[PDB]
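First comes one chain, alone, set out as structure tokens in the form deposited in one PDB entry.
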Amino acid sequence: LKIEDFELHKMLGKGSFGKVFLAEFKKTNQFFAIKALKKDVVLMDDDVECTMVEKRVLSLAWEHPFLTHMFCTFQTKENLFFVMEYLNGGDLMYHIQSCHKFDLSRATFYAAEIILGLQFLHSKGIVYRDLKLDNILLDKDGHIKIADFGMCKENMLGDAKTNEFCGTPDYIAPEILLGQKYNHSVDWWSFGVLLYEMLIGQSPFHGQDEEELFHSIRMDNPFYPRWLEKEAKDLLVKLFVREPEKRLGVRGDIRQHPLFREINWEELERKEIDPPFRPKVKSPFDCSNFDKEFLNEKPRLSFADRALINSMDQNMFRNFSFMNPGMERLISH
């Protein structure tokens, strides 16, 4: 399989994560989102291990209804490709910029579906570490899909901990900022930050530079407006406990919190509770719910630093190729 077998119609986004294209396989009317990376960029950014972690985690994640599904991965001399399911609902950052903040029932629904996704990852010994609004995609019906697993730590079951400094600044837990060894607790602090931003429409911690922001994360009390529902406030107070072992998600049973009192968790996992927000989606190949800056730009793969790629060790991305049983059936035919 090669990229020439796909027709790259539009570019949905670019950035540090690479380039994401709306791709159609041949002329089968079967659409996909292809994340296309350049090997030389990956090497200079020191994202070799991060790329392999993303492949491995997406190999676990095809079961779970609220993690992004990967159909196949493959590589050329210059390129690394992930062929994903195309989720044209739009990400939560895109939707929250428009409406400023989410209503209580919508934020609760998203919070509940994210809990199922995170608890699945944690059960497999995976700590996610990069939970944020623009890493949560919506599908055509409005169910959440957690995305971007390159920042994960695997093999975290049992009495296991890790210590490396990573994540997005607004969402970084204080235990990471203080240089402590940590476990899945870091995801639940980030979850609280995400939930706060959905409900309140701004971040709970602030600063003019990173130093003030990290001080705020370590020291400052989150602000709860008078209009905020009390059970929403309670959950956030139980999530913003700086002692990791006393934080909800690590301690207690987060599903039994009164915020999710109307939520049947078995029904939610089976996709049987209707999302309070259904995105506008005309077709399976619609591009309405994406920033228009990228869409208008012509889809293309960059050139590569030939001196770097020729001098590179080829076996860095060994065992990168993957393919589920569905893709083999829709290739040979």
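C-alpha atoms forming the largest set that superposes within 1.5 Å between two forms make up the rigid core. Residue numbers run from 1 along the displayed sequence.
- As recorded in the PDB entry, 72-80 is the stretch of 150-158 and 72-80 with the greater mean C-alpha temperature factor.
- For the pair 203-211 and 114-122, the record assigns the higher mean C-alpha temperature factor to 203-211.
- Of all the options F31, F66, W265, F277, the entry's greatest CA B-factor is assigned to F31.
- Listed residues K38, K298, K55, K35 were ranked by CA B-factor as deposited; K298 comes out on top.
- In the deposited entry, the Cα temperature factor of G252 places it in the highest third of its chain's modelled residues.
- The entry lists a Cα temperature factor for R242 that places it in the middle third of the chain's modelled residues.
- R261: CA B factor lies in the highest third for its chain, per the PDB record.
- Remark: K181 belongs to the middle third of its chain, ranked by C-alpha B-factor as recorded.
- Ranked by C-alpha B-factor against the other modelled residues of its chain, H100 falls in the middle third.
Keep in mind that the form deposited in another entry is missing from the display, and what follows is about it.
- With the core held fixed, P284 shows a CA shift of 2 Å or greater between the shown form and the other one.
- Once the rigid core is overlaid between the shown form and the other one, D45 counts among the residues whose Cα shifts by 2 Å or more.
- Relative to the superposed core, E267 shifts its CA atom by less than 2 Å between the shown form and the other one.
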